[PDB]
Amino acid sequence: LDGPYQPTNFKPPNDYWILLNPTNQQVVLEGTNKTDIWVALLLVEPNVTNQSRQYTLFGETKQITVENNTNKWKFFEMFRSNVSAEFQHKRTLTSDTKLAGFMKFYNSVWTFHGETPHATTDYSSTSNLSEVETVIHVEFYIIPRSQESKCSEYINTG
């Protein structure tokens with residue numbers, strides 16, 4: 001397993017999973033190509049009553065309503081496709097492992113969503129994948145797409 005790597009700001013290589021390993025960071029990852037994709041993964045701890053929380057995404061202060069009725073951690077995948085748009089809550093990963101994933105592949109950004117141990121991948125399309133850069137606020141590992149079955153096993157079982 002390649003890593004752990006320290007939090008960083010870099011352009012992740014195509015066709016590799018970034019496996020994200022937070023402790024208590026509220027913003028786990030911010031990725032954008034500054035044109036048609038913004039992705040932020042927010043971490044919401046177990047047993048959080050419906051409330052507004054403040055997050056700094058891409059240098060902008062945002063108020064985002066969160067809730068987590070479960071004993072699992074939730075990664076909220078916040079998305080927009082235009083610099084002037086509000087973020088939408090696109091997907092959730094509900095996790096007992098506290099691991100999330102991010103990959104640039106096939107003109108798309110890929111993430112895991114759903115509830116462990118049945119979390120699966122889905123994508124957001126981009127016209128400029130090569131310019132997607134990520135601020136990663138957590139320890140992480142790198143896994144080639146060839147070994148996605150191992151990435152899925154980590155996401156779902158730790």
# chains A, B, ... in the order shown; residues from 1 in each chain; ligands from 1
>>> closest_atom_pairs(of="segment 63-124 of chain A", to="segment 136-156 of chain A", cutoff="6 Å", atoms="only C-alpha atoms", output="CSV")
residue,atom,partner,partner_atom,distance
A:99,CA,A:155,CA,5.3
A:116,CA,A:156,CA,4.9
A:117,CA,A:156,CA,4.3
>>> write_last_selection(atoms="C-alpha atoms", output="PDB file, in the first residue's frame")
ATOM      1  CA  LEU A  99     -12.052   6.300   4.537  1.00  0.00           C
ATOM      2  CA  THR A 116     -20.374   0.703   4.148  1.00  0.00           C
ATOM      3  CA  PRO A 117     -19.904  -2.109   3.577  1.00  0.00           C
TER       4      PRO A 117
END
>>> residues_around(residues="residue 103 of chain A", least_positions_apart="6", cutoff="8 Å", atoms="only C-alpha atoms", output="ChimeraX atom specification")
/A:12,14-18,109-111
>>> residues_around(residues="residue 53 of chain A", least_positions_apart="5", cutoff="7 Å", atoms="only C-alpha atoms", output="list in words")
residues 63, 64 and 65 of chain A
>>> write_last_selection(atoms="N, CA and C atoms", output="PDB file, in the first residue's frame")
ATOM      1  N   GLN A  63     -22.087  28.539   4.669  1.00  0.00           N
ATOM      2  CA  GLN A  63     -23.007  27.959   5.664  1.00  0.00           C
ATOM      3  C   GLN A  63     -23.718  26.793   4.996  1.00  0.00           C
ATOM      4  N   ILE A  64     -23.539  25.594   5.549  1.00  0.00           N
ATOM      5  CA  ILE A  64     -24.090  24.346   4.992  1.00  0.00           C
ATOM      6  C   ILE A  64     -24.798  23.624   6.122  1.00  0.00           C
ATOM      7  N   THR A  65     -26.042  23.230   5.894  1.00  0.00           N
ATOM      8  CA  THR A  65     -26.851  22.459   6.845  1.00  0.00           C
ATOM      9  C   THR A  65     -26.449  20.982   6.759  1.00  0.00           C
TER      10      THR A  65
END
>>> residues_around(residues="residue 130 of chain A", least_positions_apart="2", cutoff="9 Å", atoms="only C-alpha atoms", output="ChimeraX atom specification")
/A:11,13-14,33,104,107,128,132-133
>>> write_last_selection(atoms="C-alpha atoms", output="PDB file, in the first residue's frame")
ATOM      1  CA  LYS A  11      -2.543  17.517  -9.095  1.00  0.00           C
ATOM      2  CA  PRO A  13      -2.187  11.530 -11.341  1.00  0.00           C
ATOM      3  CA  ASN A  14      -4.833  10.105 -13.681  1.00  0.00           C
ATOM      4  CA  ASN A  33     -10.098  22.842 -12.296  1.00  0.00           C
ATOM      5  CA  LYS A 104      -9.325  11.296 -11.980  1.00  0.00           C
ATOM      6  CA  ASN A 107     -12.647  12.558 -18.292  1.00  0.00           C
ATOM      7  CA  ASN A 128     -10.851  19.657 -18.400  1.00  0.00           C
ATOM      8  CA  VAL A 132      -8.270  19.230 -11.651  1.00  0.00           C
ATOM      9  CA  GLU A 133      -6.084  19.950  -8.572  1.00  0.00           C
TER      10      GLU A 133
END
>>> closest_residue(among="A:83, A:129, A:19, A:100", to="residue 42 of chain A", atoms="only C-alpha atoms")
A:100
>>> select_by_dssp(residues="segment 6-154 of chain A", states="alpha helix (DSSP H)", output="PyMOL selection string")
chain A and resi 148-154
>>> select_by_dssp(residues="segment 39-68 of chain A", states="strand (DSSP E)", output="PyMOL selection string")
chain A and resi 39-44+48-57+60-68
>>> closest_residue(among="A:70, A:51, A:39, A:25", to="residue 125 of chain A", atoms="only C-alpha atoms")
A:39
>>> closest_residue(among="A:66, A:119, A:40, A:135", to="residue 96 of chain A", atoms="only C-alpha atoms")
A:119
>>> decode(residues="segment 126-151 of chain A", atoms="N, CA and C atoms", output="compact mmCIF listing (two decimals), in the first residue's frame")
# COMPACT_ATOMS: atom_id res chain seq x y z
N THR A 126 -16.24 16.13 -16.53
CA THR A 126 -15.55 17.42 -16.74
C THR A 126 -15.01 17.46 -18.16
N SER A 127 -14.96 18.66 -18.73
CA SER A 127 -14.32 18.98 -20.03
C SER A 127 -12.79 19.16 -19.88
N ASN A 128 -12.29 19.33 -18.65
CA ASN A 128 -10.85 19.66 -18.40
C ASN A 128 -10.36 18.88 -17.19
N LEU A 129 -10.28 17.58 -17.30
CA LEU A 129 -9.86 16.70 -16.17
C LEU A 129 -8.41 16.97 -15.79
N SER A 130 -7.53 17.23 -16.76
CA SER A 130 -6.08 17.37 -16.54
C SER A 130 -5.80 18.54 -15.59
N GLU A 131 -6.68 19.55 -15.53
CA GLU A 131 -6.46 20.74 -14.68
C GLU A 131 -7.08 20.57 -13.29
N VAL A 132 -7.70 19.44 -13.00
CA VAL A 132 -8.27 19.23 -11.65
C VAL A 132 -7.12 19.08 -10.65
N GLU A 133 -7.08 19.95 -9.66
CA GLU A 133 -6.08 19.95 -8.57
C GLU A 133 -6.81 19.83 -7.25
N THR A 134 -6.19 19.17 -6.28
CA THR A 134 -6.83 18.85 -4.98
C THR A 134 -5.99 19.40 -3.83
N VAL A 135 -6.64 20.10 -2.91
CA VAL A 135 -6.13 20.32 -1.55
C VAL A 135 -6.62 19.15 -0.71
N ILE A 136 -5.71 18.38 -0.15
CA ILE A 136 -6.02 17.20 0.68
C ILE A 136 -5.60 17.52 2.09
N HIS A 137 -6.54 17.53 3.02
CA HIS A 137 -6.31 18.02 4.40
C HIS A 137 -5.98 16.87 5.34
N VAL A 138 -5.85 15.66 4.82
CA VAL A 138 -5.73 14.43 5.63
C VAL A 138 -4.57 13.60 5.13
N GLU A 139 -4.13 12.65 5.93
CA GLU A 139 -3.23 11.58 5.50
C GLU A 139 -3.91 10.80 4.34
N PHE A 140 -3.17 10.35 3.37
CA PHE A 140 -3.77 9.59 2.26
C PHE A 140 -2.81 8.56 1.71
N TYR A 141 -3.36 7.64 0.96
CA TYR A 141 -2.65 6.57 0.25
C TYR A 141 -3.01 6.67 -1.23
N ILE A 142 -2.18 6.09 -2.09
CA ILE A 142 -2.41 6.08 -3.55
C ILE A 142 -2.50 4.63 -3.99
N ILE A 143 -3.54 4.31 -4.72
CA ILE A 143 -3.79 2.93 -5.20
C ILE A 143 -4.10 3.01 -6.68
N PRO A 144 -3.38 2.28 -7.56
CA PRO A 144 -3.73 2.28 -8.97
C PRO A 144 -5.13 1.74 -9.25
N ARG A 145 -5.75 2.22 -10.31
CA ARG A 145 -7.12 1.79 -10.68
C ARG A 145 -7.14 0.27 -10.91
N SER A 146 -6.02 -0.32 -11.33
CA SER A 146 -5.89 -1.78 -11.54
C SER A 146 -6.27 -2.53 -10.25
N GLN A 147 -6.07 -1.88 -9.09
CA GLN A 147 -6.28 -2.45 -7.74
C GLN A 147 -7.49 -1.78 -7.09
N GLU A 148 -8.47 -1.37 -7.88
CA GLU A 148 -9.72 -0.76 -7.35
C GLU A 148 -10.42 -1.74 -6.41
N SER A 149 -10.37 -3.05 -6.67
CA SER A 149 -11.02 -4.04 -5.78
C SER A 149 -10.42 -3.95 -4.36
N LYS A 150 -9.14 -3.64 -4.24
CA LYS A 150 -8.48 -3.41 -2.92
C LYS A 150 -8.92 -2.05 -2.35
N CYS A 151 -8.97 -1.01 -3.17
CA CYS A 151 -9.49 0.31 -2.75
C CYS A 151 -10.92 0.14 -2.19
